[PDB]
């Protein structure tokens, strides 16, 4: 089963998605379906054609509407900035195409809602690309939790710390522009952590939060106001009684892609650091008193997704393997006419949480999360 993909957007993500479509069958064999890089769309025809040569798409187009309207495209992948996710995804749904959309699902909850509405009664597979939950080490922690190996979860600390724009001479790209992005650190990076909280712990009841802009204007390369958050911190109460906290910032010198978490359970703990993604740290309370401690577990054949990755632990998981796994699960769901997680349902829930964080920060009070 060969599926033609139409990739919309050929920036950093275009390359990550193309990589996965190229590589995924080499990894997961026999593959549930073969990706075909059939057509890539970009802002103008020279870029489109150049992106296609670079990523190995057969065709190219200056209009994505060309892809939605082409009946032999089975999969629309949306790798555009956050302002185009909804319009393209709703056209794709109406055209009955299977859809993977990059995060955040959209700019607001209300806009994420329409995308969900347009998809939820169709007979298509819809996905949002929170690829980090498919880091093997994160699946491994999920396995540990679900098999009861750390007891009931008490507590969750999560972070996403970067510094790529800590320098205020960094320009005012779309990530800093509210009307395109919807939010700053919150939508761009905190959403990956929120998804991990949801996957590993469970649903959010309420949030109580603080948003900070540290660099309120930047040069307009290619002096503009930064009307989004640079940093977010929020306390969380979970439906299942767990408590927790998330912190994300663009302004943490010495932190590059420091997605982490620490889960405290009644019978153990789990710690994850994406800058060292090959590793999961786990402490079992049932260890013998003189050999109790976090053990560092390197992922490989023995761990979730091991079958289709590298032959020994620590041969090296990179960004690209997270996207290969994602694609595997997506195309598997299509091949077997099932659903995948996280879906637009998961996407819309994250957008509601985000809105509840913004709300909470304006009112400076606990705000209950709407549960879809």
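Numbering follows the first chain given and starts at 1.
- Compared with other deposited structures of the same protein, residue 222 meets the criterion of being unmodelled in at least one third of those that resolve residues on both sides.
- According to the entry, the deposited sequence places 10 or more unmodelled residues between residue 222 and residue 223.
- For the segment pair 314-322 and 62-70, the entry gives 62-70 the higher mean B-factor, averaged over Cα atoms.
- In this crystal structure, the stretch out of 274-282 and 119-127 whose C-alpha atoms carry the higher mean B factor is 119-127.
- When the C-alpha B factors of 192, 142, 178, 113 are read from the deposited coordinates, the top value falls at 113.
- Looking at 237, 133, 85, 255, the one whose CA carries the top B-factor in the deposited record is 237.
- Residue 218: CA B factor in the highest third of modelled residues in this chain (values from the PDB entry).
- When the modelled residues of the chain are ordered by C-alpha B-factor, residue 341 sits in the lowest third.
- In the PDB entry, residue 353 places in the middle third of its chain by CA B-factor.
- Ranked by C-alpha B-factor against the other modelled residues of its chain, residue 57 falls in the highest third.
- Residue 96: CA B factor lies in the highest third for its chain, per the PDB record.
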